[PDB]
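For reference, entry27.cif (mmCIF, C-alpha atoms):
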```cif
data_model
#
loop_
_atom_site.label_atom_id
_atom_site.label_comp_id
_atom_site.auth_asym_id
_atom_site.auth_seq_id
_atom_site.Cartn_x
_atom_site.Cartn_y
_atom_site.Cartn_z
CA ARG A 31 107.36 104.27 124.05
CA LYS A 32 106.37 107.42 122.19
CA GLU A 33 103.54 106.44 119.82
CA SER A 34 101.11 103.55 120.24
CA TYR A 35 100.54 101.16 117.33
CA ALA A 36 98.61 98.62 119.41
CA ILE A 37 95.44 98.55 117.31
CA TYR A 38 97.44 98.26 114.09
CA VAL A 39 99.43 95.39 115.61
CA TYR A 40 96.09 93.88 116.64
CA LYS A 41 94.97 94.27 113.00
CA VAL A 42 97.86 92.30 111.51
CA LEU A 43 97.81 89.63 114.23
CA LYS A 44 94.30 88.61 113.17
CA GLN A 45 95.54 88.43 109.58
CA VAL A 46 98.48 86.22 110.57
CA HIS A 47 96.92 84.29 113.47
CA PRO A 48 93.20 85.06 113.81
CA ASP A 49 92.77 82.67 116.76
CA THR A 50 96.03 83.49 118.60
CA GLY A 51 95.99 86.47 120.94
CA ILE A 52 98.82 88.61 122.28
CA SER A 53 99.48 89.58 125.88
CA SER A 54 99.47 93.21 126.96
CA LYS A 55 103.09 92.85 128.12
CA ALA A 56 104.06 91.49 124.69
CA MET A 57 102.01 94.15 122.88
CA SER A 58 104.18 96.72 124.65
CA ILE A 59 107.23 94.92 123.25
CA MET A 60 105.63 94.88 119.80
CA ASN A 61 104.93 98.62 120.12
CA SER A 62 108.61 99.21 120.94
CA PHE A 63 109.83 97.38 117.84
CA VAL A 64 107.64 99.55 115.60
CA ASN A 65 108.62 102.80 117.34
CA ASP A 66 112.31 101.91 117.06
CA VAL A 67 112.15 100.92 113.38
CA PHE A 68 109.97 103.92 112.50
CA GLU A 69 112.52 106.43 113.81
CA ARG A 70 115.40 104.53 112.19
CA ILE A 71 113.76 104.41 108.74
CA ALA A 72 112.51 107.99 108.99
CA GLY A 73 115.78 109.15 110.54
CA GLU A 74 118.00 107.73 107.80
CA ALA A 75 115.58 108.87 105.09
CA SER A 76 115.93 112.41 106.46
CA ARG A 77 119.72 112.09 106.48
CA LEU A 78 119.52 110.89 102.88
CA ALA A 79 117.22 113.79 101.98
CA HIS A 80 119.16 116.48 103.87
CA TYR A 81 122.35 115.23 102.23
CA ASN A 82 121.28 115.47 98.57
CA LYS A 83 119.96 118.99 99.31
CA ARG A 84 116.41 117.63 99.20
CA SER A 85 113.32 119.23 100.75
CA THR A 86 111.09 116.16 100.31
CA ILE A 87 111.15 112.73 101.93
CA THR A 88 109.75 110.60 99.11
CA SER A 89 109.28 106.85 98.74
CA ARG A 90 112.71 106.36 97.14
CA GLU A 91 114.43 107.90 100.18
CA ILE A 92 112.37 105.63 102.45
CA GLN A 93 113.19 102.70 100.15
CA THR A 94 116.92 103.42 100.39
CA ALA A 95 116.89 103.69 104.20
CA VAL A 96 114.99 100.38 104.32
CA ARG A 97 117.71 98.80 102.17
CA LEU A 98 120.52 100.18 104.34
CA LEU A 99 119.04 99.35 107.75
CA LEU A 100 117.13 96.07 107.36
CA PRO A 101 119.43 93.05 106.92
CA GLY A 102 119.12 90.19 104.48
CA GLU A 103 115.80 89.35 102.86
CA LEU A 104 114.07 91.49 105.48
CA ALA A 105 114.85 94.44 103.21
CA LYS A 106 114.12 92.38 100.09
CA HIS A 107 110.52 91.62 101.06
CA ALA A 108 110.01 95.00 102.77
CA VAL A 109 110.94 96.86 99.58
CA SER A 110 108.54 94.54 97.75
CA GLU A 111 105.87 95.45 100.30
CA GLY A 112 106.62 99.15 99.88
CA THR A 113 106.73 99.34 96.08
CA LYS A 114 103.55 97.26 95.85
CA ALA A 115 101.91 99.56 98.41
CA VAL A 116 102.50 102.87 96.62
CA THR A 117 101.54 101.17 93.34
CA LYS A 118 97.91 101.85 94.38
CA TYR A 119 97.17 105.57 93.93
CA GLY B 23 94.16 98.09 102.19
CA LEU B 24 96.77 98.64 104.89
CA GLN B 25 96.33 97.89 108.58
CA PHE B 26 98.75 100.72 109.33
CA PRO B 27 97.10 104.08 108.53
CA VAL B 28 98.83 106.13 105.85
CA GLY B 29 97.30 109.21 107.49
CA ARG B 30 98.95 109.03 110.90
CA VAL B 31 102.29 107.85 109.51
CA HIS B 32 102.18 110.97 107.33
CA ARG B 33 101.43 113.12 110.38
CA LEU B 34 104.14 111.33 112.37
CA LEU B 35 106.55 112.21 109.54
CA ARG B 36 105.48 115.87 109.43
CA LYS B 37 105.69 116.48 113.18
CA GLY B 38 108.94 114.49 113.30
CA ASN B 39 110.78 117.43 111.70
CA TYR B 40 112.62 115.11 109.32
CA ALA B 41 112.39 117.35 106.24
CA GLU B 42 110.46 120.31 104.85
CA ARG B 43 107.63 118.38 103.17
CA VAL B 44 106.70 114.70 102.88
CA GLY B 45 105.92 112.96 99.60
CA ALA B 46 102.53 111.34 99.20
CA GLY B 47 103.97 107.85 98.73
CA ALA B 48 106.35 108.09 101.70
CA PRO B 49 103.77 107.26 104.43
CA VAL B 50 102.38 104.54 102.16
CA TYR B 51 105.83 103.00 101.74
CA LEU B 52 106.62 103.31 105.44
CA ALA B 53 103.27 101.91 106.58
CA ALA B 54 103.75 98.79 104.44
CA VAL B 55 107.31 98.36 105.71
CA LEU B 56 106.05 98.77 109.28
CA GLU B 57 103.23 96.29 108.62
CA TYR B 58 105.53 93.73 106.99
CA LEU B 59 108.01 93.67 109.87
CA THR B 60 105.29 93.14 112.49
CA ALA B 61 103.65 90.40 110.41
CA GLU B 62 107.08 88.77 110.22
CA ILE B 63 107.51 88.96 114.01
CA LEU B 64 103.93 88.02 114.91
CA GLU B 65 104.06 84.94 112.66
CA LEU B 66 107.22 83.46 114.17
CA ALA B 67 106.02 84.56 117.61
CA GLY B 68 102.57 83.14 116.92
CA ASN B 69 104.20 79.94 115.67
CA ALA B 70 106.27 79.53 118.84
CA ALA B 71 103.05 80.16 120.79
CA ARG B 72 101.05 77.23 119.39
CA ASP B 73 104.25 75.20 119.08
CA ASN B 74 103.87 75.31 122.89
CA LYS B 75 100.07 74.85 122.65
CA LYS B 76 99.77 78.46 123.89
CA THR B 77 96.68 80.27 122.60
CA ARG B 78 98.27 83.66 123.36
CA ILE B 79 101.54 85.31 122.35
CA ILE B 80 103.51 86.21 125.48
CA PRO B 81 106.84 88.15 125.70
CA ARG B 82 108.75 84.86 125.52
CA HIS B 83 107.50 84.02 122.02
CA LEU B 84 108.50 87.52 120.94
CA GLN B 85 111.96 87.08 122.47
CA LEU B 86 112.48 83.62 120.96
CA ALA B 87 111.15 84.46 117.49
CA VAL B 88 113.35 87.54 116.97
CA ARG B 89 116.44 86.17 118.67
CA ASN B 90 117.00 82.94 116.74
CA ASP B 91 115.87 84.57 113.49
CA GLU B 92 119.21 86.33 113.08
CA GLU B 93 117.79 88.69 110.46
CA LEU B 94 115.30 89.93 113.06
CA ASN B 95 118.01 89.54 115.72
CA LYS B 96 120.44 91.79 113.84
CA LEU B 97 117.57 94.29 113.49
CA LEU B 98 116.02 94.21 116.99
CA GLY B 99 118.90 92.89 119.09
#
```

Spit out the file's structure as structure tokens when you get a sec.
Amino acid sequence: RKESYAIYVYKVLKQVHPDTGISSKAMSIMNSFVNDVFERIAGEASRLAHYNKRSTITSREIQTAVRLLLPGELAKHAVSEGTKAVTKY
Amino acid sequence: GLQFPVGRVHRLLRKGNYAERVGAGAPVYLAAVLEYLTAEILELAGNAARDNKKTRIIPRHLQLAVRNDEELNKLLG
């Protein structure tokens, strides 16, 4: 698409299924999901920041955009993944 | 220990012209969110793979896993 996340998708696949590979045609589809979600989360976080007269996209603005754009428990566990992630330095 | 690099996600946020500056925890939060969603897809896709005895995820297992998981379907429809 625009940016390649193939190696990072390779990373997580070995964590989830170490003995199951992914095709190159499917990796392109995986790379498109990440590129689409990245620009949606970062795009809404910038709208949230620009709105409140903010000059900083922080983790709370990313957390809000994740809550508004991911449906159901997708956002529930993603926010848990995010808050746990920044909880290390 | 993230598989998605906080570094590049920070650079992708700076060159993206989203705001003036980017908080330190923002690429960390986004990298974990990006890593969680792919792990969610790759698991259901990897399941459908070996549920067909396939030792390799092909575009079909990606299409099936997201489509009939209506949370992922409403997200990546």

For this session: Excluding residue 52 of chain A and any residue of its chain fewer than 3 positions from it, enumerate the residues within 7 Å of it, using all atoms listed in the file, and give them as a ChimeraX atom specification.
Result: /A:56-57 /B:78-80

For this session: Compile the contact shell of segment 38-49 of chain B as a ChimeraX atom specification: residues with an atom at most 9 Å away, counting only C-alpha atoms, same-chain residues fewer than 2 positions apart removed.
Result: /A:69,72-73,75-77,79-80,84-93,115-117,119 /B:27-36,51-54

Exercise. When the PyMOL selection byres ((chain B and resi 81) around 8) is applied to the file above, which residues end up in the set, as an MDAnalysis selection string?
Worked result: (chainID A and resid 53 55:56 59) or (chainID B and resid 79:80 82:85)

For this session: Extract, using only C-alpha atoms, all DNA, RNA and protein residues at most 8 Å from segment 63-70 of chain B, discarding same-chain residues fewer than 3 positions from it, and format them as a VMD selection string.
Result: (chain A and resid 43 46 to 47 50) or (chain B and resid 59 to 60 73 to 74 78 to 79 83 to 84 86 to 88 94)

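Distance-wise, atom CA of residue 106 of chain A and atom CA of residue 58 of chain B end up 11.1 Å apart.
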
For this session: Would you kindly translate the PyMOL selection byres ((chain B and resi 93) around 9) into the concrete residues it picks from this file, as a PyMOL selection string?
Result: (chain A and resi 100-104) or (chain B and resi 88-92+94-98)

Keeping only C-alpha atoms, write the selected residues to a file as an mmCIF file, keeping the file's coordinate frame.
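The result, stored in selection.cif:
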```cif
data_model
loop_
_atom_site.group_PDB
_atom_site.id
_atom_site.type_symbol
_atom_site.label_atom_id
_atom_site.label_comp_id
_atom_site.auth_asym_id
_atom_site.auth_seq_id
_atom_site.Cartn_x
_atom_site.Cartn_y
_atom_site.Cartn_z
ATOM 1 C CA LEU A 100 117.130 96.070 107.360
ATOM 2 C CA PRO A 101 119.430 93.050 106.920
ATOM 3 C CA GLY A 102 119.120 90.190 104.480
ATOM 4 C CA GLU A 103 115.800 89.350 102.860
ATOM 5 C CA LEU A 104 114.070 91.490 105.480
ATOM 6 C CA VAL B 88 113.350 87.540 116.970
ATOM 7 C CA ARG B 89 116.440 86.170 118.670
ATOM 8 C CA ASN B 90 117.000 82.940 116.740
ATOM 9 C CA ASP B 91 115.870 84.570 113.490
ATOM 10 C CA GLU B 92 119.210 86.330 113.080
ATOM 11 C CA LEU B 94 115.300 89.930 113.060
ATOM 12 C CA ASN B 95 118.010 89.540 115.720
ATOM 13 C CA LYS B 96 120.440 91.790 113.840
ATOM 14 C CA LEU B 97 117.570 94.290 113.490
ATOM 15 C CA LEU B 98 116.020 94.210 116.990
#
```

Using all atoms of segment 86-90 of chain A that appear in the file, construct an axis-aligned enclosing box with 4 Å of padding on every side and provide its centre coordinates and edge lengths in Å, rounded to one decimal, as AutoDock Vina command-line options.
```
--center_x 111.0 --center_y 111.3 --center_z 99.5 --size_x 11.4 --size_y 17.8 --size_z 12.8
```

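Distance-wise, atom CA of residue 58 of chain A and atom CA of residue 37 of chain B end up 22.9 Å apart.
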
Problem set entry | Å distance separating atom CA of residue 111 of chain A from atom CA of residue 55 of chain B, one decimal place | 6.3 Å

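Minimum atom-to-atom distances from A:107, A:118, A:70, A:83 to residue 95 of chain A were compared using all atoms listed in the file, and the lowest value belongs to A:70.
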
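Nearest residue to residue 74 of chain A, choosing from A:54, A:60, A:98, A:31 and counting all atoms listed in the file: A:98.
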
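Shortest separation to chain B among A:39, A:48, A:82, A:94 occurs at residue A:39, atoms counted being all atoms listed in the file.
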